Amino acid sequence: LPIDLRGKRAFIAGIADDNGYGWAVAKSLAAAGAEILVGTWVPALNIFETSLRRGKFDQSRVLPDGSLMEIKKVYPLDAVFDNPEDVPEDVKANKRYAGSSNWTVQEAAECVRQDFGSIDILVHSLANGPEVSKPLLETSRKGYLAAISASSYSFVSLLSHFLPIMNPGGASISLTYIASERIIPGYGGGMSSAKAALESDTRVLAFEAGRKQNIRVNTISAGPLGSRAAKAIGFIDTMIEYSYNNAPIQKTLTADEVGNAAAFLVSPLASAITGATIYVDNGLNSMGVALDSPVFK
């Protein structure tokens, strides 16, 4: 009873290294036999392809079977720009953006088409929020819109641009965070807002794309990725700790854990699931209180 993505190909948007959720899903899709195409942020591209050439990610490419993951092709990409006319002359003039081409959503999509003709899976693992450090109360309109644009609308833009080249019976999947439904102080600059929009769109799109092309649309609401810090300082480190303490099952969360769920979800096994927000967070979201609250001892 395997997850079989043999003869299927995925496009994974949001891979810059071996340390995020994105890398993890790729691994999983690859373990299940899918053909892997990557979309890399174009400021990040170089270092990415360079370390990959050099073998830097070799240990991070080991599959269960022991073989090594293959990335059939790396595509540069800035998901805040749909078409080329949209780019600010000042962006197209930046060294980084100067070094590559065909990096708009519309362009990436045209390439894939020209290169492979089709796809079966779409993975969104993107996000970005300039003022993510500030509270809403202190978030600028521009910093807020930026988070929404890169973190929400990007999914919409990708889905619509790739849809014409998705074989029906295909699936897409995106990564969300519970700061959409509940107050998680620290996750500011409109990221929370952006995660809320993403989720809702997940539903709508499941309708739009389900009816339109028989495509499944789902999002996975993950936990803080990683193991404990010797000194939990900063937001993520903190959440990791908090979650380790307060969750129904006491353990840490691994990328592998999120990737397997993803692979499952984009797989045929999951033919009856769409417009879902799946929690893969060690059951944290379900708790009413924190176990570690000082009142309880």
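Note that residue numbering begins at 1 and tracks the sequence as displayed.
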Between 179-187 and 83-91, which has the higher average C-alpha B-factor in the PDB entry?
83-91
Where do the C-alpha atoms have the higher mean temperature factor in this entry, in 148-156 or in 102-110?
102-110
135, 223, 168, 143, ranked by C-alpha B-factor: the highest one
168
Deposited CA B-factor, highest of 139, 125, 172, 214:
125
In terms of the CA temperature factor given in the entry, to which third of its chain does residue 234 belong: lowest, middle or highest?
highest
In terms of its chain's C-alpha B-factors, the third that includes residue 256 is the lowest
Where does the C-alpha B-factor of residue 73 rank in its chain, lowest, middle or highest third?
middle
Rank-wise, by C-alpha B-factor, drop residue 277 into the lowest, middle or highest third of its chain.
middle
So where's residue 162 on the chain's Cα temperature factor ranking, which third?
lowest
